[PDB]
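Participant: model this:
(chains A, B, C, D, E, F, G and H, ligands or ions: 5)
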Amino acid sequence: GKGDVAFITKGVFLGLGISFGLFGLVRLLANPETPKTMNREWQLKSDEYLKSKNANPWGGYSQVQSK
Amino acid sequence: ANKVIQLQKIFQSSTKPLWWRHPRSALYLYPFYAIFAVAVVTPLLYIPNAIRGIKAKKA
Amino acid sequence: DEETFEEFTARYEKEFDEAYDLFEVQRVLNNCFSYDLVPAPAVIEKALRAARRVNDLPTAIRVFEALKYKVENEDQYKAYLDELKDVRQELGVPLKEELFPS
Amino acid sequence: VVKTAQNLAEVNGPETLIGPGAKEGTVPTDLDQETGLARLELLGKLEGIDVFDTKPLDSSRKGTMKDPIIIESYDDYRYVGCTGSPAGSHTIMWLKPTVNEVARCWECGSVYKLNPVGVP
Amino acid sequence: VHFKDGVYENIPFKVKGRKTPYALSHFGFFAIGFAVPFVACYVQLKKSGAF
Amino acid sequence: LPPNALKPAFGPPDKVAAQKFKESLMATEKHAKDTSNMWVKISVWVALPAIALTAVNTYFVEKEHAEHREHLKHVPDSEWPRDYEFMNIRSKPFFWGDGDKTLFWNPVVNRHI
Amino acid sequence: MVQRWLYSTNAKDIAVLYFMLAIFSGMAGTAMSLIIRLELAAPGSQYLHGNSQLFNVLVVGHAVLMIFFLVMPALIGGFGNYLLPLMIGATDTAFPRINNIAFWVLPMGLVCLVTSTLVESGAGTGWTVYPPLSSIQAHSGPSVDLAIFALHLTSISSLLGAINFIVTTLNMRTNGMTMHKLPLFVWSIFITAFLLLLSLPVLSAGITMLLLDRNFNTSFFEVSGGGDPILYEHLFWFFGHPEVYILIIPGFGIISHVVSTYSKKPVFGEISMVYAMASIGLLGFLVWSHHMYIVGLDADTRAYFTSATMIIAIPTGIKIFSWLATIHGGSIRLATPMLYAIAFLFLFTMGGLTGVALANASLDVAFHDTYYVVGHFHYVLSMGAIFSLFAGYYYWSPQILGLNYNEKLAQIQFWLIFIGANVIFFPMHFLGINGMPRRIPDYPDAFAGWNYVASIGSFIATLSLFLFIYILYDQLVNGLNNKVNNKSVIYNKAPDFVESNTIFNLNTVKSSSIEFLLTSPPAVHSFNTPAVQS
Amino acid sequence: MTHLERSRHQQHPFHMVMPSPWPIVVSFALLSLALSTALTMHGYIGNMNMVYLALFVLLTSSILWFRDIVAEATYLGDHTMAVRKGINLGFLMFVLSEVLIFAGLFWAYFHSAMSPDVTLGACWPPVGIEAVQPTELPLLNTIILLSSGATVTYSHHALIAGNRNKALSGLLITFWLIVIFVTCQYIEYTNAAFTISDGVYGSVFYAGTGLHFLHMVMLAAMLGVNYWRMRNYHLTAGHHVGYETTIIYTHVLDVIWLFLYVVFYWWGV
Ligand code: HEA
Ligand code: HEA
Ligand SMILES: [Ca+2]
Ligand SMILES: [Cu+2]
Ligand SMILES: [Zn+2]
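Facilitator: Numbers count the residues shown, from 1 in each chain, chains lettered A, B, ... in the order given. Ligands and ions are numbered 1, 2, ... in the order given. Take a look at the structure below.
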């Protein structure tokens, strides 16, 4: 009644934002060093190998997902 | 020796709890609480050595 | 119920005639509009006279609100309003749209 | 000072349901050594009188406010489930007459008055 | 036994008339439950030399 | 003081389901006496001429297996048959006693070498 | 105070002790799942410094706590012990000291499970504690023994309560209630208690066999000695599929109550719902080897088991079509139990359709021990049984507590858990169909993309759980004021369209069960004189 | 009887049990038993005194619970007809649960025997295992169980028939025959070639018949308490339900011993 749909829309978006922010703040407490394979150069050098071995022909083989 | 009416007249006309209403209940109930009180807390004393990893002396 | 439509109208005419207070006329009206049919004009007329006997005016307005919600069109509603007009003006009940105009 | 309540009309509380013992060389039958609620039920079944009402609800007619369906109760209220003037004609509507309010069904519309037969 | 009726007498814990705030009891009841796996994690990491 | 406290709570006492209750009360007695008679008849005509024929069968085997253990007490453990792979599983030692001995370990018939 | 709660003998007190333990252990299992899902957020060691044993121990604790210490003592232990005597008109359960020991053996299972975690390394074996990993060679120490004793004490509780339930609804029904005129929740607890009684023996036999294998040098599942671990798989899963139908059948009963009272029309074909529940319970004993499709059975074995696993889609389909038919043509009052029931009706069917994808042993070679299976069962568990559990709480809490909850906060909590659970468990099908295996603390780097979004959704789910904790606090403190102001729904049924606001006031509650006619918080002696029914 | 006096009773036939300490006492005893055996199995406790104390506390707490049940049923008159029907139904569900435990154990035996391993030699009973022959002592054990049922049947029907000496003597004969069976099983277990560690054969064999042995020692205990309560006039001619549960228990232990006999001693040799 009279603007409680708006309240339980704002509360849902606020809960999503608080969850994203606290997820970020406890991702800041993880291991400081990601594995060596999670950069762009390693993944291009793995797609090198996969192209040489004809991997995943009709789908895709490319492994690059990081920067 | 057919004491059942005489015991009905005690168990129904009583104020005490049901496990206390017999005359011989102080002979069962007072040792049992001591035996129970050591039986439930002595493994709880060995819980920290089991966490630390200290085995008992056997040799 | 393997009821025909005519058995429905003859059941609910004599069901509205035997209601004796405001609980009963509202109850019978509820469980006659809780079917998959708009009631015939005759049983709506019997419902109006029954709400007249118990002397409650907003139930005779809620009858027309209910059949507005119950019919498929607005021309079925206007067909009900055509030949239910005489009994409505005789009892003197207003429709809700002309009572609370938006 | 009390005795043993041969029939149901001599039951006066629970100190009257005791029993005489068996003699010494006989297995007891239950008129000898039963007490309490079990002896009350045994006495009732010996008289044919079934204590502990388990009769279902009167659904022979439709209660009006002029003649309700009178429900006997040993307290101030009773939960009653209406299902119609035949046995089952609608989804059960559970109701609760108290001593000061009748209960009207709202699906069939039968009316239940309560009379309190107990003591408060 | 005849027991008390009412609104707050059906729960084993005290809510209304307390010398301590109720949120103490309420949130410390659940923070212990949320904190059992962290005690588990701490002792099984101290046993494995990670701390 | 309620007005309606002294009226009867049940009404008419039924007279045929009390008689039928009492006749079953006194008829399971007579049938239980006859049932007990025929069951002691069965328990002494059949059950004790069964123990009487199996006790004389088991005295013989209690002789000729105790005497087999008697001559097995003179066979030392290098003359014992070597245990198969599945025999005498020792995952961890038993937490009682001396290790390898189990709960009913008769050392004559059981040997772990 | 010690006799009411320690020496307890009334079912309505043991029910709230069950509920307190259930929500405590659910906080424990949700914390364990948060640690699991936080470690799984990115490749490499993140929070547990390597130490995959601790990961496996946390997975064991998460599964065992959430199944045997939240859903069973919540649904069966709380709701059955509370509501089945009140809905059959019983004064109490038959055998009430049994009903008290069936609660008090659960904190003891909890403390032995927690010290199973604290001793040498914990039992990291999965919740299906398979030998030879669960043996004494691969798991040295008292960890697995204490986990087995936790399962023993929980099985003692759920067997004694099952006997209690069967006898108290076959014997203590009130004086108009034939078996055909039972509520659907009573039929749920009834059929669940038979499944418990028929299935918990074989589990107790199998894990006692495992315990004797570990400690008493006997060889049931030791290969060097004549055993077979496939015998453990058979003896476990003959309990294990009846266990998961035990988890869901009271949820079906709760949904059939909620949907009918918030559609304001009765359930479409009630006796066919009873027949469908009984057929699910009967057929659940014939399907146990669909968890064993890979172990090396015959082809005709697997053909029968695909057939029998497939033909349980018929009574569940009858139930779900009946739920859609009993909301069709209704007057839907969108309250929080109704929101949870509609979310059940969507997400449970999605989990069941992935279940019939898994039912084909031809196809289950592509999906076994993958995260696809994890997606199926976490759908039908944390969106079937947890959603019906939340529906039961929001449906019965103000009646049986006397205190209303904040309605807007409840709907915020619903939408947050409905978003968050979807975000956790929907990408698990993508991971499982691409080949990601189960029970791994670390994965190849190509699985990072959906694992990150799943652990983002994990925080939404636990944020809604924290909101639920605050909703409990606001209900316990301000629950008498929520009736006065407009922060709560006081009547779960509105007036009918021609029913006056004053004619509604003499018939405020219109229910087909006794639970909403009682006094709020119900009396210590409900039903002094027995209730009566035509 | 009048309304005023009918109002001083319960209005429904069911036992509203008084609050009792033995649920939480047996629960803590099971806790102490679990925590004691899981630490003496792995050497963190020196001797078996903690396990002995825990089993003793468990047994005495169960005895005090049963003493209170006897007190309620005999000295307070709380067991009406509906309560009797409920107790009989609960005991029937209990014996169905135990028959299902035995069905799991028979499944274990059959899964080991229907097609055995290669490490035993595609053989049943395995090579080197000297199986127990079904003719000598287990035949006497079937005979003294089929006869124990015949004794307890006339003891029951003579308890109904008014006889006292013919029921007490039949109960005494039943109890002594049960302890004859238990001592004969002890003699077989001592003079058996294989042990419980001798492979999967000894595992499944001693599991099945040792669970039956434990059920028979509890059967001897409840036959003893039935003799005590019949001599001390607790049991009556129409209201003897613990006796009836013991009769049901004898007659299901008889048929599961027969299944153990024909499976473990005839088909499996
Ligand atoms: C009861 C069933 C249940 C529930 C609810 C959950 C809930 C969750 N589970 Fe899991 N899970 C299992 C049962 C369950 N799980 C099982 C059986 C396994 C197998 C273990 C094995 O492989 O051996 C498993 C394993 C498992 C895996 C696979 C990991 C692996 O294979 O090793 C993952 C993946 O991240 C996971 C995560 C989660 C997450 C993030 C939640 C989140 O959904 C948590 C969010 C849920 C809530 C917030 C619920 C509300 C909380 C309450 C306490 C309800 C209270 C309400 C009332 C009391 C009225 N759990
Ligand atoms: C809440 C408990 C629950 C429920 C209700 C179910 C329901 C079903 N489950 Fe599931 N399942 C589990 C809990 C549950 N499951 C658990 C815990 C595991 C993993 C255990 C472990 O490994 O640790 C598991 C894993 C599991 C496996 C093992 C796969 C593997 O481990 O490799 C299989 C195999 O067939 C299976 C299938 C099914 C099927 C066919 C249903 C059906 O009952 C679903 C029926 C519902 C529908 C079919 C949808 C509705 C119907 C219609 C809309 C009608 C029209 C549809 C059709 C005609 C198809 N699930
Ligand atoms: Ca990782
Ligand atoms: Cu399954
Ligand atoms: Zn009606």
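
Participant: tell me the contacts of the residue of chain D found nearest ligand 5?
Facilitator: At 3.1 Å from ligand 5, residue D:108 is the closest residue in chain D, using C-beta to the ion. For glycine as for every other residue, the C-beta is placed from the backbone atoms N, C-alpha and C. Applying C-beta atoms under 8 Å, 6 or more residues apart in numbering or on different chains to residue D:108 gives the contacts D:62, D:82, D:84, D:85, D:89, D:90, D:93.

Participant: tell me which element the residue nearest the centre of chain E falls in.
Facilitator: Centroid-nearest residue in chain E, with C-alpha atoms, centre = their mean: residue E:29, separated by 1.5 Å. Taking DSSP states H and E as the definition, residue E:29 sits inside helix E:22-46.

Participant: Helices along the stretch 51-200 of chain H, start to end?
Facilitator: H:81-113, H:137-160, H:165-190, H:199-231 (DSSP state H, counting those that start in this stretch).

Participant: Next one: the third one, is it in contact with chain D?
Facilitator: Spelled out, it's helix H:165-190. Yes. Using C-beta under 8 Å from any C-beta of the partner chain, helix H:165-190 reaches chain D at residue H:167.

Participant: mind listing what's buried in that helix?
Facilitator: Across helix H:165-190, burial judged by 16 or more other C-beta atoms under 10 Å in any protein chain shown covers H:166-175, H:177-178, H:180-182, H:184-185, H:188-189.

Participant: quick revisit: among the helices of the stretch 51-200 of chain H, which is the most enclosed?
Facilitator: Most buried of the helices of the stretch 51-200 of chain H, by mean neighbour count (mean count of other C-beta atoms under 10 Å in any protein chain shown): helix H:137-160, with a mean of 22.

Participant: chain center to that helix, what's the gap?
Facilitator: 16 Å (C-alpha atoms, centre = their mean, to the nearest Å).

Participant: Then stretch G:144-164?
Facilitator: 16 Å.

Participant: export it as PDB, just CAs?
Facilitator: What follows is stretch G:144-164, C-alpha atoms only, in PDB (Å, rounded to 0.1, in the frame of the first residue of the first chain):
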ATOM      1  CA  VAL G 144      35.400 -40.700  10.600                       C
ATOM      2  CA  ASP G 145      34.300 -42.600  13.700                       C
ATOM      3  CA  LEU G 146      32.900 -39.500  15.200                       C
ATOM      4  CA  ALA G 147      31.200 -38.600  11.900                       C
ATOM      5  CA  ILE G 148      29.700 -42.100  11.800                       C
ATOM      6  CA  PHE G 149      28.500 -41.600  15.400                       C
ATOM      7  CA  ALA G 150      26.900 -38.300  14.400                       C
ATOM      8  CA  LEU G 151      25.000 -40.100  11.700                       C
ATOM      9  CA  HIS G 152      24.000 -42.800  14.200                       C
ATOM     10  CA  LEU G 153      22.600 -40.300  16.700                       C
ATOM     11  CA  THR G 154      20.700 -38.400  13.900                       C
ATOM     12  CA  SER G 155      19.400 -41.800  12.600                       C
ATOM     13  CA  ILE G 156      18.200 -42.600  16.200                       C
ATOM     14  CA  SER G 157      16.400 -39.300  16.400                       C
ATOM     15  CA  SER G 158      14.700 -39.700  12.900                       C
ATOM     16  CA  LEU G 159      13.800 -43.300  13.600                       C
ATOM     17  CA  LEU G 160      12.200 -42.700  17.000                       C
ATOM     18  CA  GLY G 161      10.400 -39.600  15.700                       C
ATOM     19  CA  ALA G 162       9.200 -41.700  12.700                       C
ATOM     20  CA  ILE G 163       7.800 -44.400  15.000                       C
ATOM     21  CA  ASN G 164       6.200 -41.700  17.100                       C
END
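
Participant: before we move on, the earlier item: report the spatially closest residue to the residue nearest to the centre of chain E, excluding sequence-adjacent ones.
Facilitator: Among residues not flanking residue E:29 along the chain, residue G:24 sits closest, at 7.0 Å (C-beta to C-beta, 6 or more residues apart in numbering or on different chains).

Participant: What residues does the one you found make contact with?
Facilitator: Residue G:24 makes contact with E:29, E:30, E:32, E:33, according to C-beta under 8 Å, 6+ apart.

Participant: among the residues you listed, which ones are buried?
Facilitator: Neighbour counting by 16+ other C-beta under 10 Å classes E:30, E:33 among these as buried.

Participant: In a markdown table: the contacts of residue G:24, plus distance to residue C:94.
Facilitator: A markdown table is the format used below for the contacts of residue G:24 (distance: C-beta to C-beta, whole Å):
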| residue | distance to residue C:94 |
| --- | --- |
| E:29 | 60 |
| E:30 | 58 |
| E:32 | 65 |
| E:33 | 62 |
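
Participant: State the three-state secondary structure for the residue sitting nearest the centre point of chain D.
Facilitator: Centroid check for chain D by C-alpha atoms, centre = their mean gives residue D:53 as the closest residue, at 3.5 Å. What DSSP: H, G, I helix; E, B strand; the rest coil gives for residue D:53 is coil.

Participant: Isn't it up against residue H:6?
Facilitator: No. Residue D:53 is beyond contact range of residue H:6, at 10.3 Å (criterion: C-beta atoms under 8 Å).

Participant: Could I get the contacting residues of the closest residue to residue F:48 other than its chain neighbours?
Facilitator: Leaving aside its sequence neighbours, residue F:48 sits nearest to residue H:147 (C-beta to C-beta, 6+ apart; 7.8 Å). Residue H:147 makes contact with F:43, F:47, F:48, F:50, F:51, H:177 under the criterion C-beta under 8 Å, 6+ apart.

Participant: mind redoing it with 10 Å?
Facilitator: F:42, F:43, F:46, F:47, F:48, F:50, F:51, H:173, H:174, H:177 (C-beta atoms under 10 Å, 6 or more residues apart in numbering or on different chains).

Participant: and what of residue G:410?
Facilitator: With contact set as C-beta under 10 Å, 6+ apart, residue G:410 has these partners: A:8, G:335-337, G:339-340, G:390, G:393-394, G:397, G:404, G:467-468, G:471, G:474-475, G:488-489.

Participant: Mind checking which of these are in helices?
Facilitator: Taking DSSP state H, the ones among these that sit in helices are A:8, G:336-337, G:339-340, G:390, G:393-394, G:397, G:467-468, G:471, G:474-475.

Participant: and of these, the nearest to residue H:95?
Facilitator: Closest approach between the ones in helices among the contacts of residue G:410 and residue H:95, by C-beta to C-beta: residue G:393, at 36.8 Å.

Participant: quick one on the thing from earlier: please enumerate the shared neighbours of residue D:53 and residue H:6.
Facilitator: Counting by C-beta under 10 Å, 6+ apart, the residues touching both residue D:53 and residue H:6 are D:74, F:9, F:10.

Participant: ranges for the strands of chain B?
Facilitator: In chain B, no segments count as strands under DSSP state E.

Participant: nope, chain D is what I was after
Facilitator: Assigned by DSSP E, chain D shows strands spanning D:71-73, D:80-82, D:93-95, D:103-104, D:111-112, D:114-116.

Participant: Give the partner strands of the third one in its sheet and their orientations.
Facilitator: Sheet partners assigned to strand D:93-95 using DSSP bridges are listed as strand D:80-82 (antiparallel).

Participant: For the partner strand, buried residues please.
Facilitator: Quick answer for strand D:80-82 (16+ other C-beta under 10 Å): D:80, D:81, D:82.

Participant: Show me what the second one is bridged to.
Facilitator: It stands for residue D:81. Under the criterion used (DSSP bridges), residue D:81 bridges to residue D:94, residue G:533.
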